[PDB]
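Student: CSV, C-alpha atoms, file coords.csv:
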chain,number,residue,atom,x,y,z
A,1,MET,CA,0.0,0.0,0.0
A,2,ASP,CA,1.1,3.6,-0.6
A,3,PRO,CA,3.0,5.1,2.3
A,4,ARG,CA,0.5,7.8,3.1
A,5,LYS,CA,-2.3,5.4,3.5
A,6,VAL,CA,-0.1,3.3,5.7
A,7,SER,CA,0.5,6.4,7.9
A,8,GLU,CA,-3.2,6.9,8.1
A,9,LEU,CA,-3.7,3.3,9.2
A,10,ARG,CA,-1.0,3.8,11.9
A,11,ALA,CA,-3.0,6.8,13.1
A,12,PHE,CA,-6.2,4.8,13.1
A,13,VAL,CA,-4.7,1.9,15.1
A,14,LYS,CA,-3.2,4.3,17.6
A,15,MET,CA,-6.6,5.8,18.1
A,16,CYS,CA,-8.3,2.4,18.5
A,17,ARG,CA,-5.7,1.3,21.1
A,18,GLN,CA,-6.7,4.2,23.3
A,19,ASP,CA,-10.4,4.2,22.5
A,20,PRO,CA,-11.9,1.4,20.6
A,21,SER,CA,-15.4,3.1,20.5
A,22,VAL,CA,-15.4,3.4,16.7
A,23,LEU,CA,-15.0,-0.3,16.3
A,24,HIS,CA,-18.3,-0.9,18.0
A,25,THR,CA,-20.3,0.7,15.2
A,26,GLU,CA,-22.1,-1.0,12.3
A,27,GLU,CA,-19.7,0.8,10.0
A,28,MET,CA,-16.8,-1.1,11.6
A,29,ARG,CA,-18.4,-4.5,11.9
A,30,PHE,CA,-16.4,-5.8,9.0
A,31,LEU,CA,-13.2,-4.9,10.9
A,32,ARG,CA,-14.4,-6.6,14.1
A,33,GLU,CA,-15.2,-9.7,12.0
A,34,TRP,CA,-11.7,-9.7,10.5
A,35,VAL,CA,-10.1,-9.5,14.0
A,36,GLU,CA,-12.4,-12.3,15.2
A,37,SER,CA,-11.4,-14.4,12.2
A,38,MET,CA,-7.8,-14.1,13.4
A,39,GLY,CA,-8.8,-15.3,16.9
A,40,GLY,CA,-9.0,-11.8,18.5
A,41,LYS,CA,-11.6,-10.1,20.5
A,42,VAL,CA,-12.3,-6.3,20.2
A,43,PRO,CA,-12.4,-5.0,23.8
A,44,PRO,CA,-15.1,-2.8,25.2
B,1,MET,CA,-15.5,8.3,8.6
B,2,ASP,CA,-14.7,9.9,5.4
B,3,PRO,CA,-16.9,7.2,3.7
B,4,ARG,CA,-14.1,7.0,1.2
B,5,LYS,CA,-11.6,6.1,3.9
B,6,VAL,CA,-14.0,3.4,5.2
B,7,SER,CA,-14.0,2.1,1.7
B,8,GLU,CA,-10.2,2.1,1.6
B,9,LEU,CA,-10.1,0.2,4.9
B,10,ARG,CA,-12.6,-2.4,3.6
B,11,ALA,CA,-10.4,-2.8,0.5
B,12,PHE,CA,-7.3,-3.2,2.7
B,13,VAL,CA,-9.0,-5.9,4.9
B,14,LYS,CA,-10.0,-7.7,1.7
B,15,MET,CA,-6.5,-7.5,0.4
B,16,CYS,CA,-5.1,-9.0,3.7
B,17,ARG,CA,-7.7,-11.8,3.6
B,18,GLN,CA,-6.7,-12.6,0.1
B,19,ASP,CA,-2.9,-12.5,0.8
B,20,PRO,CA,-2.0,-12.3,4.5
B,21,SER,CA,1.7,-11.9,3.6
B,22,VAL,CA,1.0,-8.2,3.1
B,23,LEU,CA,1.0,-8.0,6.9
B,24,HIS,CA,4.4,-9.8,7.4
B,25,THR,CA,6.6,-6.8,6.8
B,26,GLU,CA,8.2,-4.4,9.3
B,27,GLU,CA,6.0,-1.6,7.9
B,28,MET,CA,3.0,-3.6,9.0
B,29,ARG,CA,4.3,-4.6,12.4
B,30,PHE,CA,2.1,-2.1,14.2
B,31,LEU,CA,-1.0,-3.9,12.7
B,32,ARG,CA,0.3,-7.3,13.8
B,33,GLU,CA,0.9,-6.0,17.3
B,34,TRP,CA,-2.6,-4.6,17.5
B,35,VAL,CA,-4.1,-7.9,16.4
B,36,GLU,CA,-1.9,-9.7,19.0
B,37,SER,CA,-3.0,-7.4,21.7
B,38,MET,CA,-6.6,-8.5,21.1
B,39,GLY,CA,-5.5,-12.1,21.4
B,40,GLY,CA,-5.4,-12.8,17.6
B,41,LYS,CA,-2.6,-13.8,15.2
B,42,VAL,CA,-2.2,-12.7,11.7
B,43,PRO,CA,-2.2,-15.7,9.3
B,44,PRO,CA,0.9,-17.1,7.6
Rewrite the structure from the file as structure tokens, please.
Tutor:
Amino acid sequence: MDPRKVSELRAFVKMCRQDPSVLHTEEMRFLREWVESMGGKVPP
Amino acid sequence: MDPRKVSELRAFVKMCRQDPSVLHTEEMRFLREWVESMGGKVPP
């Protein structure tokens, strides 16, 4: 992927690690499902 | 989000599903670490 979008993804992950709120929306269900497919659990 | 960036993230997840090796690089270590923090593991 292009380096700017990677930087945006780093910023997104940094946000989620401090406040995973956005992940609990319907918009982000696909992302939760992907994490779950890898054996993870999105925390509260 | 920017709906366009949600779209890009969906496309990125699709790409990673199709070819998990995209996540194996040092550039993507931050993403592996995030997944591991949630108890998952990126596929081989």
Student: Show me, as a list in words, the residues that have an atom within 8 Å of stretch 29-31 of chain B when counting all atoms listed in the file, minus same-chain residues fewer than 5 positions from it.
Tutor: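 Residues near the query, excluding close chain neighbours: residues 10 and 13 of chain A; 23 and 24 of chain B.
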Student: Mind doing a quick least-squares superposition of chain A onto chain B, all C-alpha atoms paired one-to-one in order, and writing it out as a compact mmCIF listing (two decimals) with C-alpha atoms, in the frame of the given file?
Tutor:
# COMPACT_ATOMS: atom_id res chain seq x y z
CA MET A 1 -13.93 8.20 9.74
CA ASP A 2 -14.81 9.63 6.32
CA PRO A 3 -16.60 7.18 4.07
CA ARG A 4 -13.93 7.02 1.41
CA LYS A 5 -11.28 6.04 3.82
CA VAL A 6 -13.59 3.43 5.20
CA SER A 7 -13.99 2.03 1.64
CA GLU A 8 -10.26 1.92 1.33
CA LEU A 9 -9.98 0.00 4.60
CA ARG A 10 -12.62 -2.49 3.32
CA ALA A 11 -10.44 -2.96 0.24
CA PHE A 12 -7.36 -3.46 2.38
CA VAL A 13 -9.02 -6.07 4.63
CA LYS A 14 -10.36 -7.93 1.62
CA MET A 15 -6.87 -8.09 0.26
CA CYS A 16 -5.38 -9.29 3.56
CA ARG A 17 -8.03 -12.05 3.86
CA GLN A 18 -6.84 -13.52 0.59
CA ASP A 19 -3.15 -12.77 1.00
CA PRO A 20 -1.83 -11.59 4.26
CA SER A 21 1.76 -11.13 2.84
CA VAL A 22 1.76 -7.36 3.45
CA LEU A 23 1.13 -7.84 7.10
CA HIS A 24 4.40 -9.66 7.49
CA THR A 25 6.47 -6.58 6.71
CA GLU A 26 8.15 -4.18 9.15
CA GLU A 27 5.85 -1.50 7.80
CA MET A 28 2.85 -3.48 9.09
CA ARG A 29 4.24 -4.58 12.42
CA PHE A 30 2.15 -2.05 14.24
CA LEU A 31 -0.98 -3.66 12.73
CA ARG A 32 0.14 -7.18 13.70
CA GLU A 33 0.73 -5.87 17.25
CA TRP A 34 -2.77 -4.39 17.39
CA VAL A 35 -4.33 -7.73 16.27
CA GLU A 36 -2.20 -9.57 18.85
CA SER A 37 -3.34 -7.14 21.53
CA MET A 38 -6.91 -8.21 20.74
CA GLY A 39 -5.96 -11.90 21.14
CA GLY A 40 -5.54 -12.63 17.38
CA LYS A 41 -2.83 -14.20 15.42
CA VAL A 42 -1.90 -13.02 11.85
CA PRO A 43 -1.70 -16.21 9.74
CA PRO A 44 1.13 -17.08 7.44
Student: List as a VMD selection string the protein and nucleic acid residues near residue A:22, meaning an atom at most 12 Å away when all atoms listed in the file are counted, but skip any in the same chain fewer than 5 places from it.
Tutor: (chain A and resid 12 to 13 15 to 17 27 to 29 31 to 32 42 to 44) or (chain B and resid 1 6)
Student: Interatomic distance between atom CA of residue B:2 and atom CA of residue A:5?
Tutor: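 Here the two named atoms are 13.3 Å from each other.
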Student: Which residues of chain B come within 7 Å of chain A, and what is each one's closest atom pair and distance in Å (one decimal), counting all atoms listed in the file, sorted by chain and residue number, as JSON lines?
Tutor:
{"residue": "B:35", "atom": "CA", "partner": "A:40", "partner_atom": "CA", "distance": 6.6}
{"residue": "B:38", "atom": "CA", "partner": "A:40", "partner_atom": "CA", "distance": 4.8}
{"residue": "B:39", "atom": "CA", "partner": "A:40", "partner_atom": "CA", "distance": 4.6}
{"residue": "B:40", "atom": "CA", "partner": "A:40", "partner_atom": "CA", "distance": 3.8}
{"residue": "B:41", "atom": "CA", "partner": "A:38", "partner_atom": "CA", "distance": 5.5}
{"residue": "B:42", "atom": "CA", "partner": "A:38", "partner_atom": "CA", "distance": 6.0}
Student: Limited to C-alpha atoms, could you put the picked residues into a file as an mmCIF file, in the frame of the given file?
Tutor:
data_model
loop_
_atom_site.group_PDB
_atom_site.id
_atom_site.type_symbol
_atom_site.label_atom_id
_atom_site.label_comp_id
_atom_site.auth_asym_id
_atom_site.auth_seq_id
_atom_site.Cartn_x
_atom_site.Cartn_y
_atom_site.Cartn_z
ATOM 1 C CA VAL B 35 -4.100 -7.900 16.400
ATOM 2 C CA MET B 38 -6.600 -8.500 21.100
ATOM 3 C CA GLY B 39 -5.500 -12.100 21.400
ATOM 4 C CA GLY B 40 -5.400 -12.800 17.600
ATOM 5 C CA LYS B 41 -2.600 -13.800 15.200
ATOM 6 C CA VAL B 42 -2.200 -12.700 11.700
#
Student: Mind filling out stretch 15-39 of chain A with N, CA, C and O atoms and sending it as a compact mmCIF listing (two decimals), keeping the file's coordinate frame?
Tutor:
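The resulting file, selection-v8.txt, is reproduced below:
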# COMPACT_ATOMS: atom_id res chain seq x y z
N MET A 15 -5.34 5.37 17.58
CA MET A 15 -6.60 5.80 18.10
C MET A 15 -7.34 4.63 18.75
O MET A 15 -7.77 4.71 19.90
N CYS A 16 -7.52 3.56 17.99
CA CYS A 16 -8.30 2.40 18.50
C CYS A 16 -7.69 1.81 19.75
O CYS A 16 -8.43 1.32 20.59
N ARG A 17 -6.36 1.83 19.88
CA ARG A 17 -5.70 1.30 21.10
C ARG A 17 -6.01 2.06 22.31
O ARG A 17 -5.98 1.50 23.42
N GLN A 18 -6.30 3.34 22.15
CA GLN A 18 -6.70 4.20 23.30
C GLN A 18 -8.18 4.31 23.50
O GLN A 18 -8.63 4.60 24.62
N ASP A 19 -8.96 4.13 22.44
CA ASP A 19 -10.40 4.20 22.50
C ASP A 19 -11.01 3.42 21.40
O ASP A 19 -11.13 3.92 20.30
N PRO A 20 -11.35 2.17 21.66
CA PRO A 20 -11.90 1.40 20.60
C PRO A 20 -13.39 1.58 20.25
O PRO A 20 -13.97 0.75 19.55
N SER A 21 -13.98 2.68 20.75
CA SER A 21 -15.40 3.10 20.50
C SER A 21 -15.80 2.88 19.04
O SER A 21 -16.81 2.25 18.78
N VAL A 22 -15.03 3.45 18.10
CA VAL A 22 -15.40 3.40 16.70
C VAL A 22 -15.61 2.00 16.15
O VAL A 22 -16.40 1.72 15.22
N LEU A 23 -14.89 1.07 16.80
CA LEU A 23 -15.00 -0.30 16.30
C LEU A 23 -16.31 -0.89 16.63
O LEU A 23 -16.64 -1.88 15.99
N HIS A 24 -17.06 -0.33 17.58
CA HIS A 24 -18.30 -0.90 18.00
C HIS A 24 -19.52 -0.42 17.18
O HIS A 24 -20.63 -0.74 17.51
N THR A 25 -19.28 0.21 16.06
CA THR A 25 -20.30 0.70 15.20
C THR A 25 -20.61 -0.29 14.11
O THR A 25 -19.77 -1.14 13.78
N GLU A 26 -21.78 -0.17 13.47
CA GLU A 26 -22.10 -1.00 12.30
C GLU A 26 -21.10 -0.77 11.18
O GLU A 26 -20.71 -1.70 10.47
N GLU A 27 -20.67 0.48 11.01
CA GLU A 27 -19.70 0.80 10.00
C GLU A 27 -18.45 -0.02 10.08
O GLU A 27 -17.84 -0.34 9.07
N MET A 28 -18.05 -0.36 11.31
CA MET A 28 -16.80 -1.10 11.60
C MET A 28 -17.02 -2.59 11.85
O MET A 28 -16.06 -3.28 12.17
N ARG A 29 -18.23 -3.12 11.66
CA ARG A 29 -18.40 -4.50 11.90
C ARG A 29 -17.50 -5.40 11.05
O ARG A 29 -16.98 -6.39 11.54
N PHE A 30 -17.25 -5.01 9.81
CA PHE A 30 -16.40 -5.80 9.00
C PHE A 30 -14.97 -5.93 9.59
O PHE A 30 -14.29 -6.94 9.42
N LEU A 31 -14.54 -4.88 10.28
CA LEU A 31 -13.20 -4.90 10.90
C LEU A 31 -13.22 -5.77 12.13
O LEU A 31 -12.29 -6.57 12.33
N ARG A 32 -14.27 -5.69 12.96
CA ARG A 32 -14.40 -6.60 14.10
C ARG A 32 -14.40 -8.05 13.62
O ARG A 32 -13.78 -8.92 14.25
N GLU A 33 -15.14 -8.35 12.55
CA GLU A 33 -15.20 -9.70 12.00
C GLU A 33 -13.87 -10.19 11.57
O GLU A 33 -13.51 -11.36 11.76
N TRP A 34 -13.09 -9.31 10.97
CA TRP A 34 -11.70 -9.70 10.50
C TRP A 34 -10.86 -10.02 11.74
O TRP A 34 -10.18 -11.04 11.78
N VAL A 35 -10.89 -9.16 12.76
CA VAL A 35 -10.10 -9.50 14.00
C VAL A 35 -10.55 -10.79 14.58
O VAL A 35 -9.71 -11.59 14.98
N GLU A 36 -11.85 -11.02 14.64
CA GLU A 36 -12.40 -12.30 15.20
C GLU A 36 -11.89 -13.48 14.39
O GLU A 36 -11.60 -14.55 14.97
N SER A 37 -11.81 -13.33 13.07
CA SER A 37 -11.40 -14.40 12.20
C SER A 37 -9.92 -14.80 12.49
O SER A 37 -9.51 -15.93 12.16
N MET A 38 -9.14 -13.89 13.06
CA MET A 38 -7.80 -14.10 13.40
C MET A 38 -7.65 -14.57 14.90
O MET A 38 -6.54 -14.71 15.42
N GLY A 39 -8.78 -14.84 15.56
CA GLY A 39 -8.80 -15.30 16.90
C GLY A 39 -8.81 -14.16 17.96
O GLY A 39 -8.66 -14.41 19.18
